[PDB]
Amino acid sequence: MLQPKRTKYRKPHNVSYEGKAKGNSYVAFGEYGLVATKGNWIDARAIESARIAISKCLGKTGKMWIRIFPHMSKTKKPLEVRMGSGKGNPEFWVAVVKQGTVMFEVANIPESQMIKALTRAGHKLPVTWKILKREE
Amino acid sequence: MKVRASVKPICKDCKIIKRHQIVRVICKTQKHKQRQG
Amino acid sequence: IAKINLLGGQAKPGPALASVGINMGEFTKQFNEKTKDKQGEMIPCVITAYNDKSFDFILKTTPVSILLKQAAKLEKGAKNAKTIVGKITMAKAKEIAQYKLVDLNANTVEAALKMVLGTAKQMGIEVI
Amino acid sequence: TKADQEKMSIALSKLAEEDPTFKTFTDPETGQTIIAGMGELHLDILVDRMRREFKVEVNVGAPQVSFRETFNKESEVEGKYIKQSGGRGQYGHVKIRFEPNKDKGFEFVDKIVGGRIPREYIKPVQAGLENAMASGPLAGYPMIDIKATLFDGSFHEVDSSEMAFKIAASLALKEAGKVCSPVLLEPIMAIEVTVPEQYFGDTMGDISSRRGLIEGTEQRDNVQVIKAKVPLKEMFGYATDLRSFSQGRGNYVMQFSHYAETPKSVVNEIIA
RNA sequence: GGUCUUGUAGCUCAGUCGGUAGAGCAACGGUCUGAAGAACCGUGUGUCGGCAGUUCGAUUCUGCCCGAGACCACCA
RNA sequence: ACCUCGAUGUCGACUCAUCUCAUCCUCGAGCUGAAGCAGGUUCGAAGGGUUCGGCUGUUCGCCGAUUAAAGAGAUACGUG
RNA sequence: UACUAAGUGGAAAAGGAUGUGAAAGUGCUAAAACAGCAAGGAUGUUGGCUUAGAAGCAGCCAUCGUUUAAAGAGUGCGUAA
């Protein structure tokens with residue numbers, strides 16, 4: 001439950017995640033960044049799985065910076081229900097990934113560790129991961 | 001004979017071959033045999 | 001082939017010198033008598049076929065690396081090479097170089113001293 | 001079965017007449033039938049004979065090690081016992097300090113200076129602790145090498161006879177044994193496996209199959225003999241394991257080396 | 001999926017709608033007691049289910065989550 | 001909510017079974033933490049076959065025994 | 001003018017690819033490039049700790065110094081050594 005503390009509305013239109021970056025198109029605090037070639041929804045489950053995949057192989061010297069947060073959510077209607085009752089309750093929180101944006105960056109650790117971590121975590125998401133080096 | 005979706009040399013002897021446009025990996029150890037990709 | 005690294009005492013246990021065809025007692029007596037002057041210090045020893053390998057032995061000139069431990073003001077070996085205990089004078093190093101002068105496969109003072117430095121930079125003592 | 005054990009004794013006593021080189025006992029440590037012979041087929045035909053001629057039908061057992069118990073320091077102790085029984089009532093409050101240490105056994109210290117307890121109740125609690133040290137919380141194994149230091153106590157009016165103190169001490173010792181999470185101890189043995197380097201690789205493999213201690217080799221005057229520190233429980237199958245891999249070309253000796261704290265791999269089996 | 005309820009001490013229970021965490025028993029010490037029953041004084045235990053807000057300040061007020069409890073969801 | 005309700009015979013049991021391999025057995029073969037026996041994994045492979053009883057309407061499901069093994073998915077969960 | 005060897009064309013995903021053709025940065029080489037082949041590949045060095053025996057090679061401290069085109073506590077294999 002990566003919950004934004006205050007939510008005026010919790011039942012918005014689902015998401016249209018296709019679109020280019022609206023900022024943070026450069027590696028600011030880290031040295032290797034994860035670029036997305038295709039936007040998507042990510043539930044808290046996949047976010048946590050990717051985060052722990054990175055952290056398991058993350059060394060003591062290295063430091064990580066997140067560039068995303070589940071600012072959105074998603075509901076879910078159970079099975080065998082006739083269509084139309086309003087909308088369901090938000091079951092979890094959704095991070096929206098626009099294509100061309102960077103979600104995570106790493107630094108303060110040798111390059112081999114960074115690239116191995118990124119290649120290791122790339123298979124945890126449907127999004128086609130791409131590696132990006134240190135930017136300004 | 002095993003099937004995967006990725007083939008890289010796991011060992012230093014795991015060479016990659018394409019017999020009849022059919023990809024296989026051959027290594028000194030007979031455990032290290034696979035074919036796909 | 002079948003090189004042995006042993007002390008100056010007996011030769012019973014080592015399965016590298018007496019495992020080629022040389023009898024145990026007939027030469028362990030000779031070694032423990034002749035090398036008695038050098039008993040307690042290791043001497044690497046090598047062997048080769050003579051015509052049946054009934055007896056063919058030779059010993060390398062004894063290196064001072066074992067005595068480099070006591071030259072380092074130590075009584076027993078140390079795991080780390082970053083620990084310092086005591087200080088070694090230059091005369092001891094010169095005597096070490098001259099002692100292994102006929103031991104080292106080369107012959108010159110500077111090379112022997114630098115080689116001792118190299119095997120002592122890892123041992124735990126920095127030569128002077 | 002009890003009758004099975006009796007007929008086993010009858011068969012083995014007569015089988016000793018036919019073959020006196022094995023030894024038969026009943027273990028005061030586990031109660032099993034302890035049969036000692038010299039080989040797989042030998043024991044197999046022994047059981048075959050006692051089931052054919054003497055008609056003794058019994059399945060196979062499993063040897064075990066007594067795994068004695070030690071533990072850590074207790075808070076002090078808090079022992080209480082209040083019951084109306086024993087021809088009268090019974091009230092008793094005790095607080096000793098009971099410290100386990102494998103260097104010194106049962107040392108009892110008395111520190112009464114204000115008169116909190118008479119000397120008539122010192123020997124009772126001493127005896128109670130001495131006889132209650134024999135049982136443990138894990139599996140009843142003895143709690144050895146523990147020192148007792150009496151510090152506080154309290155009795156009632158003309159009530160509270162002697163046995164109240166002993167019962168309170170037993171309850172306190174039980175609670176103390178439960179709270180300190182005790183650990184076990186097994187006798188590790190030295191095994192002098194003998195082989196003229198013919199099956200030395202097999203020796204390393206077989207030793208490592210029991211998590212082992214393989215570190216090097218040494219020679220005795222005509223052969224090479226290897227010292228291995230082995231637990232007692234895994235040696236019973238290790239006999240036929242070593243015999244099989246060496247193809248019946250190896251002998252050894254089993255003697256008490258020292259008592260070592262059980263590894264957690266043995267400890268996890270006690271929790272209930 | 002809604003209709004709601006339940007989780008509090010070692011046991012079972014209330015919970016000044018915010019102004020506290022509480023006995024009894026589990027269990028301990030003392031006191032009285034022809035003996036012994038007897039009764040009393042009191043040792044001790046409490047993320048008050050968890051997380052967030054609200055609130056002077058939260059166990060209480062609000063939302064979410066987890067464990068449990070009952071209401072329906074394939075026909076002419 | 002789609003053709004079909006001036007009718008689209010639907011549960012089960014027996015019989016015809018047929019098809020398909022994402023093969024259960026029989027088979028070829030590779031590898032092994034595959035001494036042998038006994039194995040496990042995997043590719044090919046449909047030529048052939050894949051038991052009977054007690055119980056509940058019962059394919060479901062339970063039990064028992066047995067065979068090289070006693071497969072699974074489909075045909076209006078086929079068949080008035 | 002070019003590509004293709006999948007009948008791709010003439011159905012598809014992530015992923016994989018020592019695939020093919022092409023383009024550009026740069027290096028080496030006929031004083032002969034990567035080879036293969038013929039060779040050396042040594043030395044303190046069982047360096048010292050570890051477990052009586054762990055010692056080019058379980059592992060650990062240093063992880064170097066000499067002859068020297070070059071030799072590495074060795075590139076791996078093989079031993080408890």
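Here the Cβ is made from the backbone with ideal geometry for all residues, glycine too, and neighbour counts use every protein chain on show. Values quoted throughout were computed directly from the atomic coordinates according to the rules given, and no laboratory measurement underlies them.
Restrict the check to segment A:15-32 and report whether at least one residue is of a type in the set (S, T, N, Q), touching a residue at least 24 places away in the same chain (Cβ under 8 Å) and on the phi > 0 side of the Ramachandran plot.
Start the filter on segment A:15-32 by keeping residues that are of a type in the set (S, T, N, Q), which leaves A:16, A:24-25.
So of that shortlist, the ones also touching a residue at least 24 places away in the same chain (Cβ under 8 Å) come out as A:24-25.
If we keep only those that are on the phi > 0 side of the Ramachandran plot as well, we get A:24.
Within segment A:15-32, one or more residues are of a type in the set (S, T, N, Q), touching a residue at least 24 places away in the same chain (Cβ under 8 Å) and on the phi > 0 side of the Ramachandran plot.
Would you check if there is a residue in segment D:113-120 being surrounded by 13 or more Cβ atoms within 10 Å (Cβ to Cβ) and assigned to a helix (DSSP H, G or I)?
No, segment D:113-120 contains no residue that is surrounded by 13 or more Cβ atoms within 10 Å (Cβ to Cβ) and assigned to a helix (DSSP H, G or I).
Residue pairs, Cβ under 6 Å, 6 or more apart or interchain, first in segment D:9-22 and under 15 Å from D:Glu57 (Cβ atoms), second outside any helix (DSSP H, G or I) and hydroxyl-bearing (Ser, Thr, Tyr). List them.
D:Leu12/D:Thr24
Can you pull out every residue in segment B:19-37 that is assigned to a strand (DSSP E or B) and more than 7 Å from RNA strand G (Cβ to nearest atom)?
If the condition is that a residue be assigned to a strand (DSSP E or B) and more than 7 Å from RNA strand G (Cβ to nearest atom), then B:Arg19, B:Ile22, B:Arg24, B:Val25, B:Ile26, B:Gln34 are the ones that fit.
For segment C:1-43, give me each residue that is touching a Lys or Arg at 6+ places or on another chain (Cβ under 7 Å), within 14 Å of chain D (Cβ to nearest Cβ) and either within 16 Å of RNA strand F (Cβ to nearest atom) or more than 28 Å from C:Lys69 (Cα to Cα) (or both).
Answer for segment C:1-43, where residues must be touching a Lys or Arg at 6+ places or on another chain (Cβ under 7 Å), within 14 Å of chain D (Cβ to nearest Cβ) and either within 16 Å of RNA strand F (Cβ to nearest atom) or more than 28 Å from C:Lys69 (Cα to Cα) (or both): just C:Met24.
Return the residues of segment D:175-223 that are surrounded by 13 or more Cβ atoms within 10 Å (Cβ to Cβ) and within 14 Å of chain C (Cβ to nearest Cβ); say none if nothing qualifies.
Within segment D:175-223, D:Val195, D:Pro196, D:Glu197, D:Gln198, D:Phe200, D:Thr217, D:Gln219 meet the criteria.
Could you identify the single residue in D:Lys264, D:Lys229, D:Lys233 that is away from RNA strand F (no atom under 16 Å from the Cβ) and over 26 Å from D:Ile34 (Cα atoms)?
When all the criteria are applied, what remains is D:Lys264.
Might you check whether a residue that is closer than 20 Å to D:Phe200 by Cα and either crowded, with 16+ Cβ neighbours inside 10 Å or more than 14 Å from chain C (Cβ to nearest Cβ) (or both) occurs anywhere in segment D:254-268?
Yes.
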